[PDB]
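As structure tokens, the structure follows; a few thoughts come after it.
Every residue, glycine among them, receives a Cβ derived from its backbone with ideal geometry; neighbour counts consider all protein chains shown. Readers should treat all values here as calculations from the given coordinates under stated rules, not as data from a laboratory.
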Amino acid sequence: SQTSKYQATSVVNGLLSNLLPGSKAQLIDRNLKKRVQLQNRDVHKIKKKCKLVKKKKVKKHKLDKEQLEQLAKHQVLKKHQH
Amino acid sequence: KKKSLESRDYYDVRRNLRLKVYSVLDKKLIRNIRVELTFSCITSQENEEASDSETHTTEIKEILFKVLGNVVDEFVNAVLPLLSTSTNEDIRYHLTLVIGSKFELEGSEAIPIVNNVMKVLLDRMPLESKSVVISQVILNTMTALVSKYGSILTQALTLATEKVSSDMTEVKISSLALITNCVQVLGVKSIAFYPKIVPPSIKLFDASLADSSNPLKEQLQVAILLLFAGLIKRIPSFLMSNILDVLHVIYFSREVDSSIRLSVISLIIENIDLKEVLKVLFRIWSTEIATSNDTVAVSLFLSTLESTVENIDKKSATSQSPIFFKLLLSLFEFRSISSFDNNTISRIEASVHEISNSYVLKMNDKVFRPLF
RNA sequence: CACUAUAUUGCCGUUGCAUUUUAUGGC
């Protein structure tokens, strides 16, 4: 429930700086060895994408609130000069 | 809203709340503000009664959204003197789950507001100690605040997380305090609280080894591995000789997923001890990482060898060459000792022969004559 | 080759089980 949701939230917050996804044992060993080759990923690029998205939402909220404060200053100067 | 709550159709009340949200959603209250303490307390009592009535679910969420929009200066100054005045723990937990989301959307200008509210949140975390849900919510909120950003507040939050981690002995509280210690280690990687990684290994890794299916090891061991890797990534040379228990936990972490464990091993490989890994891998290769025989650390032992054999071997490895060929002899000798899945043993022997060929290419002419 | 051994149709309409089974007609 909420415990599992907060646990997954803290896990994803910890792994946000990890950027990872989420019996034929010779095949398992070879797959785990080739996963070291596949581990040369574009995690810096996807982190730049997420950071630019966060910067975009931050600039959007800051510009909207600053325009709201400008309208507040216009209304307060209007009600003052009245 | 309190009159409707003291009265309590339900869909009629939900339509009344949705009409209230569509009527109220502001800048009128902002132009009234910019008396003021009375307006803060009035909107705070309005929000507290709103959460007491709403703690048609989307209509209640829209009503709470209008209340949070009209009532993070206002959201911080309302709860800063009313974090104790929020009476019920359910209303307190809902207010804490809303306050972090409303606060961590915009920042980087007003540091001192959070820097003087962090002591208040840490005192609310120390006072509300018998409410584990509020404790974990305060842990997540303080970790997000330290990721957003104060030395006294940093030390207070770090000490509260260390006390919530060392004597935790509870699954969710320990996992939440480990995240707070991890985010504090990312923010202020202080040498103080030295009893941090030595407590985390022998506490959490041994607890995850003792609890097989009772506790959430899929929620515990991954965060334990991320904390153990982040501590050594922050303080590199402070754990340049204490890396063996970290590698043991990251290798024998059967609860940790494959890509997460491989990424943690790669981070520990590109981390500290560029020469002191050859004196470190031999004890695990002898005793620890070769007695499992359940493929888990068997996939990673040759990878941990190949990391220092193909990314770190140098003149320091030529100076420490005796333990290198010693580990090569032990690996080439342990083939019949690894008495399970002989085709995979031949695959691991091929990998050991390739890593031994890389080590022989790294070893020079005079350095390997007694080794010959 | 020796191993390791991993445990009816692109869509739509059908006989028929003591899940398969089975031959039809729309793109």
Checklist entry - Just to be sure, is residue A:71 more than 9 Å from every other protein chain (Cβ to nearest Cβ) and among the hydrophobic types (A, V, I, L, M, F, W, C)? => result no
Checklist outcome for this item: All conditions in (1) more than 40 Å from the chain's Cα centre (by Cα); (2) under 19 Å from residue B:101 (Cβ atoms) are true of residue B:82 except (1)
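Each row is one residue, and each column tells you yes or no for (1) part of a helix (DSSP H, G or I); (2) more than 26 Å from residue B:302 (Cα to Cα); (3) among the acidic types (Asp, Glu).
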residue	(1), (2), (3)
A:10	yes, yes, no
A:16	yes, yes, no
A:19	no, no, no
A:37	yes, no, no
A:52	yes, yes, no
A:77	yes, yes, no
A:80	yes, yes, no
Checklist entry - For the stretch B:193-201, does any single residue satisfy the condition of being in a helix (DSSP H, G or I), away from chain A (no Cβ under 11 Å) and among the basic types (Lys, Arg)? => result no
Next on the checklist: Out of B:294, B:257, I need the residue that is of a type in the set (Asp, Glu), under 28 Å from residue B:170 (Cα atoms), facing chain A (nearest Cβ under 10 Å) and surrounded by fewer than 20 Cβ atoms within 10 Å (Cβ to Cβ). Which one?
Outcome noted: B:257
Next on the checklist: residue A:12 - would you say it is of a type in the set (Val, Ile, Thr), more than 10 Å from chain B (Cβ to nearest Cβ) and away from RNA strand C (no atom under 16 Å from the Cβ)?
Outcome noted: yes
Item to check | Single residue of A:60, A:45, A:5, A:34 found to be more than 7 Å from chain B (Cβ to nearest Cβ), among the charged types (D, E, K, R) and surrounded by 11 or more Cβ atoms within 10 Å (Cβ to Cβ) | outcome: A:60
Next on the checklist: Give me the helices (runs of 4 or more DSSP H) completely within the stretch B:73-190, filtered to those with at least 3 residues that are within 11 Å of chain A (Cβ to nearest Cβ), ordered by residue number.
Outcome noted: B:89-103, B:132-148, B:171-187
Item to check | Sole exception among (1) under 31 Å from the mean Cα position of the chain (by Cα); (2) of a type in the set (S, T, N, Q); (3) over 21 Å from residue A:6 (Cβ atoms) for residue B:7, by number | outcome: (1)
Next on the checklist: Which count do you get for residues in the stretch A:21-31 that are part of a helix (DSSP H, G or I) and either away from RNA strand C (no atom under 16 Å from the Cβ) or loosely packed, with under 14 Cβ neighbours inside 10 Å (or both)?
Outcome noted: 2
